[PDB]
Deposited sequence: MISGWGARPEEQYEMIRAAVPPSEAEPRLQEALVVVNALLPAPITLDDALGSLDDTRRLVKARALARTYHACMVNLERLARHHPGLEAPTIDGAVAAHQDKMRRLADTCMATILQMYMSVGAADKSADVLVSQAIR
């Protein structure tokens, strides 16, 4: 079955090769791609952490600056609900 060189002359190709790992061992490509994906999701989630923080600053401002007058309590309820919404969305992303 073998084809002799006289019928199919062999070819010899030579090169200098340089190989370098992209990542430090034992980090895998899946690990680094998963980290890049998590980081991109967490960079987007900065908006939620910032919004939660704004709610908490507003709650501090309401408590520091101040019954049958329910105005302050109505403002506190609005800030508490928005912070809860932010918190719920962040928790869903973390605890998938």
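Judged by missing C-alpha atoms, the gaps in the deposited chain sequence fall at residues 1-17, 84-89, 120-136, listed in sequence order.
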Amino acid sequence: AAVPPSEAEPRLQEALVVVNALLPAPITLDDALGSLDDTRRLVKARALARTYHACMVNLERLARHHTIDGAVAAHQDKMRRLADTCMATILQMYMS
From here on, numbers count along this sequence of modelled residues.
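For the two regions 57-65 and 34-42, the entry's Cα B-factors average higher over 57-65. When the C-alpha B-factors of 3-11 and 85-93 are averaged, 85-93 comes out higher.
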